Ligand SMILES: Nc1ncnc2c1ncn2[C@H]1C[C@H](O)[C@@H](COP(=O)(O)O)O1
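Form solved without the ligand, single chain, as structure tokens, below.
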């Protein structure tokens, strides 16, 4: 899902080195496991991400802080595009509403004005951003088209949370297992501690993420402290259901955005989305008025100092 912006040394969510070649500036929109393969402690090329994303990157992939130029969201920053003090480029990061520390990259330079949305959840608060309200003409919109496919309809983030509450409402005497990825859906955990008036059980790593975000003190790591446990999504399987059901009558919930058949009756696959709906995007593009939209073309005039930067 990485993107090499053609005729630029720009790479967003791309870390293959050998497949890039021309790339010299690598951006990280958010810290989901799917957009970061090749990133580790051996990574030694400049990297730009959001504040929260900077903490999560150094801590959980052991990436050296010397390669992580973290920039504040909302503000525009001047990045070099060569080895001399000549060409530069402005980047403005915009909150993506997708997950903790998720951003949208807005580039400006010899290539034009490119807006990279990455993964993002649309809300009309996004149009009111000062970066996109100066009437600037975006030349290319690398847009999140996840829910633009006409295949299978996934409910919104709030529709799925309603079904989860109805599910636990019908099982008041049950232990609830919730499978998640390494990031996202922490605010949903908060909504379940309120509705059901329990403490939510996490792993120590997940507890660190939550305190990093500034959420309510409704979480704990003691197993016996609550009926709702948050576990890794790869834990929810037929073998583990029998293991949990041997102790206490347990229900398992899998919030996923893919077609999955429950391999156990007490496993409930709930369709999540976490991306903008089609109509939300069609109003998002009708407001931006971009010259062209690219899913996740014109060749610019590469300067002399930038053409050398790409070939070393």
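Here, rigid core means the biggest group of C-alpha atoms that superpose within 1.5 Å across both forms. Numbering follows the first chain given and starts at 1.
- Coordinates are given for every deposited residue between residue 291 and residue 292; the gap count there is zero.
- Mean CA temperature factor is higher for 33-41 when stretches 258-266 and 33-41 are set side by side in the entry.
- Stretch comparison (192-200 versus 146-154) by mean CA B-factor in the PDB entry places 146-154 on top.
- Among 180, 236, 134, 164, the highest C-alpha B-factor recorded in the PDB entry belongs to 134.
- Annotation for residue 302: CA B-factor lies in the middle third of the chain's modelled residues.
- In this PDB entry, residue 129 carries a Cα temperature factor that places it within the highest third of its chain's modelled residues.
- Ranked by Cα temperature factor within the chain, residue 28 sits in the middle third according to the deposited record.
- Ranked within its chain, residue 123 lands in the highest third, by CA B factor from the PDB record.
- For residue 218, the recorded CA B-factor ranks within the lowest third of the chain. Only modelled residues enter the ranking.
Not pictured, yet referred to below: the form solved in complex with the ligand.
- Although the partner is absent here, residue 272 lies within 4.5 Å of the ligand in the bound PDB entry, judged by heavy atoms.
- Interface residue remark: residue 146 is counted as part of the site for the ligand in the bound PDB entry, having a heavy atom within 4.5 Å.
- Put simply, residue 256 is close to the ligand in the bound PDB entry: some heavy atom of it is within 4.5 Å.
- Although the partner is absent here, residue 268 is not a contact residue: none of its heavy atoms lies within 4.5 angstroms of the ligand in the bound PDB entry.
- Of the listed positions (229, 174, 185, 206), a single one reaches within 4.5 angstroms of the ligand by any non-hydrogen atom in the bound PDB entry, namely 185.
- 33 is the sole member of 263, 33, 245, 62 with a non-hydrogen atom within 4.5 Å of the ligand in the bound PDB entry.
- Taking the partner from elsewhere, no residue among 7, 82 and 111 has a non-hydrogen atom within 4.5 angstroms of the ligand in the bound PDB entry.
- Contact with the ligand, judged by heavy atoms within 4.5 Å in the bound PDB entry, is confined among 65-73, 47-55, 33-41, 279-287 to 33-41.
- Residue 98 is the only one in 74-108 with at least one heavy atom within 4.5 Å of the ligand in the bound PDB entry.
- Just a single entry of 114, 178, 93, 81 exceeds or equals a 2 Å CA shift between this form and the one not shown, which is 178 (rigid core superposed).
- Relative to the superposed core, residue 280 undergoes a C-alpha shift smaller than 2 Å between this form and the one not shown.
- Relative to the superposed rigid core, residue 244 undergoes a CA displacement of at least 2 Å between this form and the one not shown.
- Residue 163 is among the residues whose C-alpha shifts by 2 Å or more between this form and the one not shown once the rigid core is aligned.
- Relative to the shown form, the Cα atoms of residue 122 and residue 152 move together by 3 Å or more in the bound PDB entry.
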